[PDB]
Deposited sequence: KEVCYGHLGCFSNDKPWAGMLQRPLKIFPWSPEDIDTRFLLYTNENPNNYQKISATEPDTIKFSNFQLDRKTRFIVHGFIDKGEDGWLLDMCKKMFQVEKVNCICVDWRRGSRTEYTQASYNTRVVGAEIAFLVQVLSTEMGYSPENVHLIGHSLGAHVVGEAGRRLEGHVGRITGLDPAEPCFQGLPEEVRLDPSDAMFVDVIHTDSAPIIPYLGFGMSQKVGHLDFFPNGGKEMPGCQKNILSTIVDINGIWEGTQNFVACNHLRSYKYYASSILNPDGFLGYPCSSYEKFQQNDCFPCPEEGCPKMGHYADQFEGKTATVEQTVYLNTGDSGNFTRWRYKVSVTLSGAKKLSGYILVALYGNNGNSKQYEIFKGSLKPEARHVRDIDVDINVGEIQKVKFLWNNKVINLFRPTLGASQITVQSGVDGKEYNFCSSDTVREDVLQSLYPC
């Protein structure tokens, strides 16, 4: 059957829209009136107070500060944790710091603040609302959908995915921030976010552990041209893991009646926010798997460069070469979350075989790093060891490195190579010395 809502078309309840394993209930999405989608426009000139725009009343747009010669980015919410109500506008403000943009925050709280399955179905109508506004801008004002970027978090990722399908995949870009798993993962492409929804789709996965039994609200399934899995995509540094327990009560979670640490689910947008100002701190390395990446493979950046996770992912050369490209990287646990990966190779030197740990610190014109463990076990002179480390600072031009070992024997590194990921640049350092344990050995350019 289907309910029709005027200019937003009809909404069917048969397969695959409803009556499926992931969504058995055959109810219909609420009316546009009951969802009350609100398009709140903010621009560099009006960053504090919004200008409500309506596709059905074109004058709201004509009289607004919407600039036809600027890109447009829609930001759509989903799960809203206590105190995070203002994350959409916060995101717009960060964008304002680096670009001129029409930032439209999509508020559909009346439609989302209800039982989960209902909210999930309501995404269809919010998606139709977005598609219609984009269609008005395009057909009536000559503003191409190519200038439009739809950012959707949680349930909002499927809202934007629906908008894209309606636009026949012509919207410029869609960014899915930890797309909601319950009621979407495993279903046909027509009912969820997928690569065909936009000319370019990038996804950040941050809470991809199964909702049952792990309480991971995000999708593990790949749904973009680029699918980023920072820190593995299931557990983020700095976030308390959720207690492994009985079905969820996916609705109790959604509606705040059940305990749930939303930290991992929200990290997706937290990383996006930071990537706006610090994209160089989020270089992503395409790789067949996270374990492979963690085993020091898929480094340095490939010939096409590394896609920068977040805001600047659209700059990636191979962004649409294929779909479901897995991209990995690790982040910090707080603040900017930025990291700079370096492949460190150490060739040991000395007269005695020892047992212990070897560490290396990097020194550059931008500053120096802390010491990082490269290897632990038997330390044999002339043996070479390699480890890719995620440093919390960009040292810039590496001018020297320091070697340190621990558990009056002496040990040293005759040569250490440090390769930066961005361009594969190898810096070599050399020394003919050896030091006692817990003493820093400096190695200079060679």
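When the deposited sequence is numbered from 1, the one segment without any C-alpha atom is 408-413.
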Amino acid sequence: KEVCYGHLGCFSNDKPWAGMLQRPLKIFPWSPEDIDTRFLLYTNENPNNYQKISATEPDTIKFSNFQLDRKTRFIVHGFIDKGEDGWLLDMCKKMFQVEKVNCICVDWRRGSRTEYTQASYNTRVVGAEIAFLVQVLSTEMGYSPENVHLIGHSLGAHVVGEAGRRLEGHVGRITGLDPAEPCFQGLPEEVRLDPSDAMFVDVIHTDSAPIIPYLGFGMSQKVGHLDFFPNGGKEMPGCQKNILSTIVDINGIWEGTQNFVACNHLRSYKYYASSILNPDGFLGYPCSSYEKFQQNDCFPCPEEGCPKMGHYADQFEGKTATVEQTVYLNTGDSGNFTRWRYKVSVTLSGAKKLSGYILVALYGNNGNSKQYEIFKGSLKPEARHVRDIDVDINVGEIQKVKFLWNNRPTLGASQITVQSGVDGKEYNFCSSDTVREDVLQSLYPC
From here on, numbers count along this sequence of modelled residues.
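Judged by mean Cα B factor in the deposited record, 77-85 ranks above the other of 176-184 and 77-85. Comparing 215-223 with 274-282, the higher mean C-alpha B-factor in the PDB entry belongs to 274-282. Reading the B-factor column for the CA atoms of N251, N102, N231, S208 in the entry, the top value corresponds to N251. When the C-alpha B factors of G412, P29, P409, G377 are read from the deposited coordinates, the top value falls at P409.
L193: CA B factor in the lowest third of modelled residues in this chain (values from the PDB entry). Among the modelled residues of its chain, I416 has a C-alpha B-factor that falls in the lowest third according to the deposited record.
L329: CA B factor in the middle third of modelled residues in this chain (values from the PDB entry).
When the modelled residues of the chain are ordered by C-alpha B-factor, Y143 sits in the lowest third.
Residue-level temperature factors show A163 in the lowest third of its chain, judged at the C-alpha atom.
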